[PDB]
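The values are calculated or read from the model by the stated rules, or taken from the named source; none is laboratory data. Counting neighbours? That spans all protein chains shown, and the Cβs are built from the backbone with ideal geometry, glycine included.
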2 protein chains.
Amino acid sequence: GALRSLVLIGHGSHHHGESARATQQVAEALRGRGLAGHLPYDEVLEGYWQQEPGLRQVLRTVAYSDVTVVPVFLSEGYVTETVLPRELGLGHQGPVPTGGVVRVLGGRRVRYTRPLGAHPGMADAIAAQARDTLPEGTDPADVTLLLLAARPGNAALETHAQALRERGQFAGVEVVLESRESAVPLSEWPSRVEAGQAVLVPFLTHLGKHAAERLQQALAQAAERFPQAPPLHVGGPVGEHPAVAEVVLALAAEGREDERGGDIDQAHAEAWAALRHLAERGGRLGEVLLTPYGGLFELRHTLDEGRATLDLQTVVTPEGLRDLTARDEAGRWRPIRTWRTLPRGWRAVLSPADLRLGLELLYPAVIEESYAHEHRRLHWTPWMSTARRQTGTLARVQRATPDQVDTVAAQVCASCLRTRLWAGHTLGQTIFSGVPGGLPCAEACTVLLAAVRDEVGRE
Amino acid sequence: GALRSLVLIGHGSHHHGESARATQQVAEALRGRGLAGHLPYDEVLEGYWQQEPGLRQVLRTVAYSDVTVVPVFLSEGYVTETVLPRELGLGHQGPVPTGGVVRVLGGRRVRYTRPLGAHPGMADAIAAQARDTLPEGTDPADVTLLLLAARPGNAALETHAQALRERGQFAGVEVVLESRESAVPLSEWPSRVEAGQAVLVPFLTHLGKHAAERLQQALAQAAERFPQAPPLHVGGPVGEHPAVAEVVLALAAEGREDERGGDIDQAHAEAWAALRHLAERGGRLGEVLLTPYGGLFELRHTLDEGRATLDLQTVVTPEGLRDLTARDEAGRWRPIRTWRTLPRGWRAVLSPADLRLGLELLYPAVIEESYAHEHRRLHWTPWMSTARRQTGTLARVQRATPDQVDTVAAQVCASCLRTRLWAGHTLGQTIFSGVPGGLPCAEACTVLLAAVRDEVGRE
Ligand code: SF4
Ligand code: SF4
C-alpha cells in the first residue's frame, strides 16, 4: 500500500506498427523485471498519441493513485511540451523542469518526466548499440561513430555526442543529418573518416520505411562520391536497444518528491472485480469469447467458437495476445482496438494473474469505461471541447459544421463497436449487463479527428 | 405434387438500393398471392447481377427441380441475351424466343424467359401508370403519352409505343431519351406534343438520385426552350407499378410446354434439414444468433445477445429482416451479405414456414454451400475462369497477375466472413460444425472483380 504505476508514452500511428514497437519493447522488459522482483513499480502501462491506448484514456487505466509518466521520445519540443501534457490534462506548456511536472489529477499524484532523449544515460545506450553493430573482432578505437539526427538542432543529441567524444572509446564521433525532402550531411560521411571504419547509430525510437529510404539514398550518394570509402556498419535505431529500459528507470526516479507510493484506485479495482466475475461464468466482450479453462482462462474470437485447437495459433502471454490482435486479416494496423476488425485464427491461454494485462492490452480502456457507464458515472466530452484542444493541422477541425461532424462520424464510427455518447447516441446495457457489443465511447478519437480534418480540407 | 420455383433476376448494385427494389417489390407481391392460393409457383426467389443473391448462387438456392427464370429488365439486348445466360451457366447467347430457352442444369429443368421489357403486357402497365399519374379527373384522350428511354436503341419500347397508339386512349405516343453524360431528347419534349397536356412515363425499373436530377435538369431545359409548352405530369418508373407482377406471370406462363411440374431437389432439401436441426438447438451463423422462441424462431445480431427485447426493432417477415440488414451502420449498401458489417439493433421473429426464406434473404447461399462443403462436394470456380467470362471495362481483370489478385483479395476479402476456397485457402469446419465464422467462398464475387479492375487500372 505503497503502490506505484509507471506509464510510458509513445508516438503510435494509424498505419505503421514500428512506431509503437519501442514503447512496447521497453514496457515488456520492465514487466519482466517486475516478475523477477527488481522493479520499483507495481505495473507498467502504455499510452500513445496516435493510437489506443490513447493519452486521454491512460489515466483511467492506472491501477494505483501514484503515477509516473515517461515520454519515450528522443526530442524535447512541440509533442512533448505542448501535445502530451495538454492531452493528459496536466495543464502545463513549454519546457519541462528537470525532475518533471508534478500534478494532482483524479484521486492521483501524477509526475510527467522529461523525455527519454534528454537523459545522459542515452549516451551509454548509443555506445552499446554501436558496439553491438560491429563485427566480432573490432577495436572501437579504429571505428568512427556517426550519430544520425532526425532534425537539425537536437540539443540533447549534441550533448550525448560530446559526452561520448570525451569518454574516448571511439576514434571520433560525428552528428550526421540527412538533407531536405551545423551537423555533417550523411551523404558526405567519408569526408570525415580519414582511417579505419565507421558505424552509424540512428538517434531514433524506430525507423519507418520512408525514413529508411531517405537514409539508404544518403548512403548510396556517399558511396557514389567515394567509391573506396571505409567499411560502414549500419546499426538499428537506438530506441530498440535493451539499455533504453535502464535509462527509462533512471528518468522515472529523478525528480521524485514523495517516497510514500500510493494506494489502489477503488473504482478501477471494482471494474476489474466485475470483469473477473464475468470471466469466471464465461462471457463475451466485443468480438472476444472468454472461457474458464480449469485454473486458466482461454480467449478467442467469437467467430472461432468451436474451432479446433490445432487450427488456431496459441499464445500464453498478454504481450503475444496484443501482437496477434494488432493487425486485421488484411495485415493492416488497428489503431482503434474496438473496431469490428479483430482477426480470426488465434487462442490465448492466460493465468489468472495475467488476465487483466491481457484484456487491457487487447481492448484498452473498455473494462473501466464500460463499468463506469454501467453505473452511470462515465462522463464524456463534447466534440467542441475536443476540437478546441487541437493544435497543428488538427486545429482546423474547429471549423467543422455539426453537419460535417455527424456525416463523418456516421461513416467512421460504423466500423467501431463503441456507441458515441459524445454525439448524443445512448447506450443502455453494456458488456457488464449481458451485451457483448455494448461499449461506450466517451470522446471523439484520433481516427475520427483526422477524418473530420480531411473532410474540412476537401472544401 | 407438381412443384415449381420462379426466379426473378434484377440488375442490383454495389452502392445503391433502387436497382433491386423493383425486383424485390414484384417478388414480394407474388409471394403474397401464393399464400392466398393464387400462384402457379411454390416459391419465388431473387437473383442479381451486381449483388447477392448472385447469378452464380441463385440456382443452388431453388427448392424444386422445375425452375422458370424471368429477367426483370426493361431491355432486350446484350445483358439479357449474353451476360445473364453466361453467368447463370445456360450455354446460350443471342435472341431468346417467346417461350424461353430450356436447359437441364444440375438436376433441374430451367426455362429462361424473355425479359419483362419484351412482353406485350408492358403496354398495359405503361397505360396504367400513365392514368394513375393524371389529376384524377383528367381524360386520357386530352393527354400525350411520353415514354422515357435510358439509352437510344430501345426497340422493345418502340414496339410498345406503337401498340399504345393503336389502343388510342391517349392523344398521341412519343419516345424521348434520358440526357447523355433519333427519338428526341427529353430536353426537347414539347417538340413532340400537339395536345394541350402531356404525361411522362419512365420505361425504367427504377430511378436513382443521379438520373432523377438529370431528368429534372432536362425538364428545366425543355421549359426554357419551349416557354409555351403544355403542363407535364411526371410519373414514377413503370417498374414500380403493381401491374408489372401480372406481366411477369404472363411471361412465366408463355411456353410452359407442359403443365406437369417438378419434384423437391434432395440436395437443397438436405441442407435445410441440417439447418432446422441447428435452429431447434439454438446456434450461431456468421454474425447472427438463432434461438428457438417457443414454436417460432428469434434472430438477432450476436453483438446484441442479452440486449433488452424492447431496445430492438422487431420484424416478423423475411422481407422485413432483409430490408433491415440491407445497409450497414453508416447506411451504406451491403452487396455482399457475408461482409462483417451486419447492423445492430434489430430482432426477427419468424414462423418455421418463414425460416428458410428469412435465412436465404439474410445470407444468400450460405446454408447450401456450407452443407455441401461439410459433405466434401462444394465445387469452386478458379479465378481465371471467372475473369475470362467478363466483357467490357471489366475484362481488364484478365490482365491481373497472380500476385495482383492475391494482393487485392487479401485487402477486399478481409471484410468478408467467407474463406476463398478458389484461392487455395482451406476451411476445415463450417457453421454446421459449430464454427459461426466458418463459411466457404466458392468463387470470386463482383465486389472483388471490380477491385481487381481498379488495381490493374491504377497500374
Ligand atoms: S469516435 Fe467513433 S471510431 Fe472513435 S472510438 Fe469513438 S465510436 Fe469508435
Ligand atoms: S471473393 Fe472475397 S469478398 Fe467476395 S464473397 Fe468471396 S471471400 Fe467474400
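Among the residues of the range B:184-210, how many are more than 23 Å from B:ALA123 (Cβ to Cβ) and among the hydrophobic types (A, V, I, L, M, F, W, C)?
Residues that pass the stated criteria total 0.
Any idea which of (1) buried (at least 17 other Cβ atoms within 10 Å of the Cβ); (2) away from ligand 2 (no atom under 12 Å from the Cβ); (3) among the small types (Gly, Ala, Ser) is the one B:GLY424 doesn't satisfy?
In the conditions (1) buried (at least 17 other Cβ atoms within 10 Å of the Cβ); (2) away from ligand 2 (no atom under 12 Å from the Cβ); (3) among the small types (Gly, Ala, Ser), B:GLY424 misses (1) alone.
Would you confirm whether any residue within the range A:152-171 is under 22 Å from the mean Cα position of the chain (by Cα) and outside any helix (DSSP H, G or I)?
So far as the range A:152-171 goes, yes, one or more of its residues are under 22 Å from the mean Cα position of the chain (by Cα) and outside any helix (DSSP H, G or I).
Which number in (1) part of a loop (DSSP other than H, G, I, E, B); (2) farther than 16 Å from B:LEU8 by Cα; (3) within 20 Å of the chain's Cα centre (by Cα) marks the one condition that B:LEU90 misses?
With (1) part of a loop (DSSP other than H, G, I, E, B); (2) farther than 16 Å from B:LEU8 by Cα; (3) within 20 Å of the chain's Cα centre (by Cα) applied to B:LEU90, the lone miss is (2).
Looking only at residues that are part of a helix (DSSP H, G or I) and surrounded by fewer than 20 Cβ atoms within 10 Å (Cβ to Cβ) in the range B:319-331, which one is nearest to ligand 1 (Cβ to nearest atom)?
B:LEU324
If I go through the range A:421-435 residue by residue, how many of them are in a helix (DSSP H, G or I) and within 10 Å of chain B (Cβ to nearest Cβ)?
Of the residues in that region, 2 qualify.
What do you reckon, is A:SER370 within 14 Å of chain B (Cβ to nearest Cβ), within 23 Å of A:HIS277 (Cβ to Cβ), of a type in the set (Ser, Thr, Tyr) and surrounded by fewer than 16 Cβ atoms within 10 Å (Cβ to Cβ)?
no
With within 14 Å of another protein chain (Cβ to nearest Cβ), of a type in the set (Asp, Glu) and surrounded by 15 or more Cβ atoms within 10 Å (Cβ to Cβ) as the only criterion, which of B:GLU240, B:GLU287 stands out?
B:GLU287
Please go through (1) more than 14 Å from chain B (Cβ to nearest Cβ); (2) in a helix (DSSP H, G or I); (3) crowded, with 18+ Cβ neighbours inside 10 Å; (4) not charged (D, E, K, R) for A:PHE297 and return the number of the only condition it doesn't satisfy.
The number of the failed condition is (2).
Restricting attention to the range A:300-318, report how many residues are touching a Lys or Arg at 6+ places or on another chain (Cβ under 8 Å), more than 7 Å from chain B (Cβ to nearest Cβ) and crowded, with 19+ Cβ neighbours inside 10 Å.
Total satisfying the criteria: 3.
Return the total of residues in the range A:111-150 being part of a strand (DSSP E or B), among the hydrophobic types (A, V, I, L, M, F, W, C) and more than 15 Å from A:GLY172 (Cα to Cα).
Selection size over the range A:111-150: 1.
Would you confirm whether or not the range B:448-456 contains a residue that is away from ligand 1 (no atom under 16 Å from the Cβ) and within 30 Å of B:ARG300 (Cα to Cα)?
Looking through the range B:448-456, at least one residue is away from ligand 1 (no atom under 16 Å from the Cβ) and within 30 Å of B:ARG300 (Cα to Cα).
With respect to B:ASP265, determine if the residue is buried (at least 20 other Cβ atoms within 10 Å of the Cβ) and over 24 Å from B:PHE73 (Cβ atoms).
Answer is yes for this residue.
Whether any residue in the range B:81-95 is over 18 Å from B:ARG56 (Cα atoms) and in contact with a helix residue (DSSP H, G or I) (Cβ under 9 Å, 6 or more places away or on another chain) is what I want to check.
Within the range B:81-95, one or more residues are over 18 Å from B:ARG56 (Cα atoms) and in contact with a helix residue (DSSP H, G or I) (Cβ under 9 Å, 6 or more places away or on another chain).
If you go through the range A:332-362, how many residues are touching a strand residue (DSSP E or B) at 6+ places or on another chain (Cβ under 7 Å), in a loop (DSSP other than H, G, I, E, B), away from every other protein chain (no Cβ under 14 Å) and within 15 Å of A:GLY286 (Cα to Cα)?
Adding up the residues that qualify gives 1.
Name the pairs: first residue in the range B:412-425 and over 17 Å from A:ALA414 (Cα atoms), second residue among the small types (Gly, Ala, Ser), Cβ to Cβ under 7 Å, at least 6 apart or on different chains?
What qualifies is B:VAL412/B:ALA451; B:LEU417/B:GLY286; B:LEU417/B:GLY437; B:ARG420/B:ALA409; B:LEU421/B:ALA442; B:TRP422/B:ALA442; B:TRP422/B:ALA444; B:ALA423/B:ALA409.
Could you identify the single residue in B:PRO71, B:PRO85, B:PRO40 that is surrounded by fewer than 21 Cβ atoms within 10 Å (Cβ to Cβ) and either among the acidic types (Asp, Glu) or closer than 17 Å to B:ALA252 by Cα (or both)?
B:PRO40
Among B:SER351, B:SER370, which is more than 16 Å from ligand 2 (Cβ to nearest atom) and not assigned by CATH to the domain that holds B:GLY12?
The unique qualifying residue is B:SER351.
Go through (1) in contact with a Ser or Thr (Cβ under 6 Å, 6 or more places away or on another chain); (2) away from chain B (no Cβ under 13 Å) and name the single condition A:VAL452 misses.
It fails just one condition, (1).
Step by step: first the residues of the range A:409-420, then only those that are surrounded by fewer than 22 Cβ atoms within 10 Å (Cβ to Cβ) and assigned to a loop (DSSP other than H, G, I, E, B), then the one that is nearest to ligand 1 (Cβ to nearest atom). Which residue is that?
A:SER415
Just to be sure, is A:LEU350 surrounded by 15 or more Cβ atoms within 10 Å (Cβ to Cβ) and either within 24 Å of B:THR341 (Cβ to Cβ) or within 12 Å of ligand 1 (Cβ to nearest atom) (or both)?
No, not satisfied.
Which of (1) in a strand (DSSP E or B); (2) within 22 Å of B:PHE203 (Cα to Cα) is the odd one out, the single condition B:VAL79 does not satisfy?
Answer for B:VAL79: the failing condition is (1).
Would you pick out the residues in the range B:385-420 that are out of contact with any helix residue (DSSP H, G or I) (no Cβ under 8 Å at 6 or more places or on another chain) and either within 25 Å of B:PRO436 (Cα to Cα) or within 12 Å of chain A (Cβ to nearest Cβ) (or both)?
Matches in the range B:385-420: B:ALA410, B:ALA414, B:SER415, B:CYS416, B:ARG418, B:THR419.
Given the criterion surrounded by fewer than 17 Cβ atoms within 10 Å (Cβ to Cβ), closer than 22 Å to A:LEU290 by Cα and away from ligand 2 (no atom under 16 Å from the Cβ), identify the matching residue among A:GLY434, A:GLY392.
Answer to the check: A:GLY434.
As an exercise: evaluate B:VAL456 against (1) in a helix (DSSP H, G or I); (2) within 16 Å of ligand 2 (Cβ to nearest atom) and give the number of the one condition it does not meet.
With (1) in a helix (DSSP H, G or I); (2) within 16 Å of ligand 2 (Cβ to nearest atom) applied to B:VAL456, the lone miss is (2).
Per-residue answers, yes or no, for (1) in a helix (DSSP H, G or I); (2) under 24 Å from the mean Cα position of the chain (by Cα):
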site: A:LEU219; (1), (2): yes, no
site: A:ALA222; (1), (2): yes, no
site: A:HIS233; (1), (2): no, no
site: A:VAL247; (1), (2): yes, yes
site: A:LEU251; (1), (2): yes, yes
site: A:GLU257; (1), (2): no, no
site: A:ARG260; (1), (2): no, no
site: A:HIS268; (1), (2): yes, yes
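So which residues in the range A:150-193 are among the polar types (S, T, N, Q) and crowded, with 18+ Cβ neighbours inside 10 Å, if there are any at all?
A:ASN154, A:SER187
Restricting to the range A:319-331, what's the tally of residues that are acidic (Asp, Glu) and away from every other protein chain (no Cβ under 14 Å)?
Residues flagged as acidic (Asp, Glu) and away from every other protein chain (no Cβ under 14 Å) within the range A:319-331 amount to 2.
Looking only at residues in the range A:436-446 that are hydrophobic (A, V, I, L, M, F, W, C) and within 14 Å of another protein chain (Cβ to nearest Cβ), which one is nearest to ligand 1 (Cβ to nearest atom)?
A:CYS441
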